[PDB]
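Laid out below as structure tokens are two forms of one and the same protein chain, each shown alone and named structure 1 and structure 2.
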Structure 1
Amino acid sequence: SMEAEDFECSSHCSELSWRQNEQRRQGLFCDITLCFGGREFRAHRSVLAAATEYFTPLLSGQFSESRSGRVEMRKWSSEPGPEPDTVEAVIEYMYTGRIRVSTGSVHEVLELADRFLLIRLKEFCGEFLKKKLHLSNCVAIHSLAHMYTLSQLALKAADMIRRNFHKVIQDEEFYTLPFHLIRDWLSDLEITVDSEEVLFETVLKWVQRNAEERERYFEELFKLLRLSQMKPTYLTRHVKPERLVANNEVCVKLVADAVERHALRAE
């Protein structure tokens, strides 16, 4: 006659988190406002902290909160910041664990996911991109996989770039990359190209894309080329005559030593 029975409402948790989301959409009981530029987003601290440890540190007072709880978001990759509909989607994801990712928003979702330590969401963006990987976007994708540490994705995109190196060079996407990547690539032994001569034509184009902030990297890039692997003809007829090479003595020196090596290896 003694007994205790456990009652478990199977849908209860989903319903709870969905109603808190409907509450968020009307501002009900919200105690924190995420400000981006600008556009403001209300939410509940309890939910944010539950979704990610990223927000737990806001108890101590590690956020610049106005007296009505406003937190300002550090600038992002794009000045304007992520798209309003995309932020709303990531915030709603924190409340419900559901989100629709598209080719158009995947990059911003990835940035927000990375910024908020949303591991699962970030891993998902990784599979999404992994399945969309294609010669026409491997560069743009490798760039992201790197910027957001997506090991798996990185390798895959890197292989496609190696095998098709001679191709990615005629398209203008490649020339929008940042210096540290261009550098890593010239340092890559595996890249498949017809001649080292191409790599020199590539560096010129990368620099000529934005003379201003790029001409200052030429020398470090130039030192990465293997001149001993280029035809003496090209070395003296196209390399040495080039302005960026002539104006820099360390460079002209390098060309001369290379030409000297060629004659010495003449056996």
Structure 2
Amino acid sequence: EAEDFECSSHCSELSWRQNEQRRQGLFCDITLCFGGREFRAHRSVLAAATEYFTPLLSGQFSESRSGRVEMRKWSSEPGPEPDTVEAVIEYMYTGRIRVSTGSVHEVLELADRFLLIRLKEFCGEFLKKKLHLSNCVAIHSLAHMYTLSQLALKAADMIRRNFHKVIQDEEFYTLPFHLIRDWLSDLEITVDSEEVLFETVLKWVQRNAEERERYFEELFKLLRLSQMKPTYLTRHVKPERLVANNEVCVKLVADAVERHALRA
């Protein structure tokens, strides 16, 4: 009769020896450029590591004929740090990577972009641990951008619970419009009074005034002017040049004062 053999060590060795090849440039198929440094690698390994490289290198597109792939438009100006790129490429070979307190941002970029789901998963389970009072606003903007839903919820909850203090630190005034919009229309937020939300809309819009002014009208509509004191609306809201310019909101601030007098 027959018998099956399994060399347990085998595939672990094979992968590592292929990485050692790549580092020497041995049998390298493709050249991956990230900024105008480039990394030589193996078509077989890359394609095996992620669903991304299969159509790229297949033969239906320019890249197969090229034998070079121009990885462009990254959050970092001339692309991510080469150390973080070598780290991730090695991971595609070996399945072993070390993610630093710094590395994690650029690692999560590549992991997510290059559809390396188990590496993306790790970064998510990593940041979940490194989650704190300062960490929470920056981590939320990450988890929201890179669709880390489980982490986004834990980061959101810590922001909803500590909103009154998160709007004190400048970290929040970095957030993109769509996130400000989503925070103002979030109902489980915990602040002292609705008047404070206006003072945060005015503070955030003022920062990049030239590009951020456009949004203000949409953001003002989100403000629940019903829960604001009439003394505040008449003396602080109405005289703002940002609110006096648009005639859409002068009508909304007028109906709000009209409604309070009508509540008696």
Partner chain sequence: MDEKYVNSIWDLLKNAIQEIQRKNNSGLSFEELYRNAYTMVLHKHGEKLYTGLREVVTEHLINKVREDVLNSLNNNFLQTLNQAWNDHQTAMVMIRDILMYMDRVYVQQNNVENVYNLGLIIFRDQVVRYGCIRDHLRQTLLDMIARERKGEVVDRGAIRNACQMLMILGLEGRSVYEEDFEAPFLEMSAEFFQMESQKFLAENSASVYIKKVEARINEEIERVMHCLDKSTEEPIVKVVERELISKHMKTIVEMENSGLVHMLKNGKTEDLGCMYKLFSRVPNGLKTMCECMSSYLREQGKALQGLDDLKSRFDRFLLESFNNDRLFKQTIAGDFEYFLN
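Throughout, rigid core stands for the largest set of C-alpha atoms superposing within 1.5 Å between the two forms. Structure 1 provides the reference sequence; residues are numbered from 1 along it.
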Pick one: which structure is the form deposited without the partner chain? 1
When the rigid core of both forms is overlaid, which of 62, 233, 208, 56 is the one whose C-alpha moves 2 angstroms or more between structure 1 and structure 2? 62
So if we fit the rigid core, how much does the CA of residue 125 shift between structure 1 and structure 2, in Å? 0.5
Could you state, for a rigid core superposition, the Cα shift of residue 137 between structure 1 and structure 2 in Å? 1.3
